[PDB]
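Undergrad: I'd like to ask some things about the structure below.
So basically every Cβ, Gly included, is an ideal-geometry build from the backbone, and we count neighbours across all protein chains shown. Any read-out appearing in this document is the output of simple, stated calculations on the displayed coordinates, not a laboratory observation.
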Amino acid sequence: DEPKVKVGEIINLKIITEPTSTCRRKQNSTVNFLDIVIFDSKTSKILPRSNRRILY
Amino acid sequence: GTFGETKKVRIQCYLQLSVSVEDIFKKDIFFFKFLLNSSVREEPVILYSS
């Protein structure tokens, strides 16, 4: 929500997940893991300790 | 003479959580970065609030 953020706004990100019609496939794993990764707009691969950057 | 003696309990001394501090300097505002993990690498920890 509201993509103009100045500096100091701790702002929640919202993720809505829905498994597809291939929910019938595996079913012996009941958990899967969701890495949220962070890219710069110009450059790539911000390291996950992420100082002077997004803190989470 | 209610003697409840010799309850030979063994107690452990190992603080299970471990906190690392990092002080990010900034102009007129300040940031704390906090790395939290277990003591030893086979006993995992649940956390509730900080």
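Undergrad: Under a straight-distance cross-link criterion of Cα-Cα below 23 Å, which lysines are reachable from A:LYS26, leaving out those fewer than 8 residues away in the same chain?
TA: none
Undergrad: For B:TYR48, B:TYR14, which order do you get if you count the other beta carbons within 10 Å of each Cβ and list the fewest first? All intermediate terms of the calculation are to be shown ahead of the outcome.
TA: On the way: B:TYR48 4, B:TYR14 7.
Fewest to most other Cβ atoms nearby, the residues stand as B:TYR48, B:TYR14.
Undergrad: Taking the simple approach of a point 7 Å from Cα along Cα-to-Cβ for both A:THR30 and A:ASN12, what is their distance in nm?
TA: Simple spin-label model gives 2.7 nm for this pair.
Undergrad: Which FRET efficiency value, to the nearest 0.05, is calculated for B:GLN12 and B:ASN37 with the Förster distance at 25 angstrom and r the Cβ-Cβ distance? Don't skip to the answer; put the middle values down first.
TA: Working: r = 18 Å, r/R0 = 0.74.
Approximately 0.85, to the nearest 0.05.
Undergrad: Separate question: Can you give the Rg to Rh ratio of chain A, both from alpha-carbon atoms, with Rh computed by the Kirkwood formula?
TA: Working: Rg = 16.2 Å, Rh = 15.0 Å.
Using only Cα positions, Rg/Rh for chain A is 1.08.
Undergrad: While we're looking at this one, here's another question. With the cut-off at 1.5 for a/c, could you classify the protein assembly as shown from its C-alpha gyration tensor as rounded, prolate or oblate?
TA: On the way: a/c = 2.89, a/b = 1.46, b/c = 1.98.
Taking the square roots of the gyration eigenvalues as a ≥ b ≥ c, the protein assembly as shown is oblate.
Undergrad: Can you grab the distance from the C-alpha centre of the stretch B:1-20 to the C-alpha centre of chain A, Å, no decimals?
TA: That distance is 43 Å.
Undergrad: In addition: At q = 0.17, 0.18, 0.32 Å⁻¹, what log₁₀ I(q)/I(0) does chain B have when each alpha carbon counts as one equal point scatterer in the Debye sum?
TA: Once normalised to I(0) and log-transformed, intensities are -0.74, -0.77, -1.21.
Undergrad: Which links in A:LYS14/B:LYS27; A:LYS42/B:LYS33; A:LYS42/B:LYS27; A:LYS6/B:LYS26; A:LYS45/B:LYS27; A:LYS45/B:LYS33 stretch past 23 Å when you go from one Cα to the other?
TA: Numbers: A:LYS14/B:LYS27 30 Å; A:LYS42/B:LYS33 26 Å; A:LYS42/B:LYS27 25 Å; A:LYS6/B:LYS26 15 Å; A:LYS45/B:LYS27 26 Å; A:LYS45/B:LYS33 20 Å.
The answer is A:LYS14/B:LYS27; A:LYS42/B:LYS33; A:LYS42/B:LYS27; A:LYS45/B:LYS27.
Undergrad: How high is the relative contact order of chain B, given as a whole-number percent (alpha carbon pairs under 8 Å, six or more residues apart)? Intermediate results must be reported in sequence, preceding the final value.
TA: On the way: 42 pairs, mean separation 15.2, N = 50.
Value for chain B: 30 percent.
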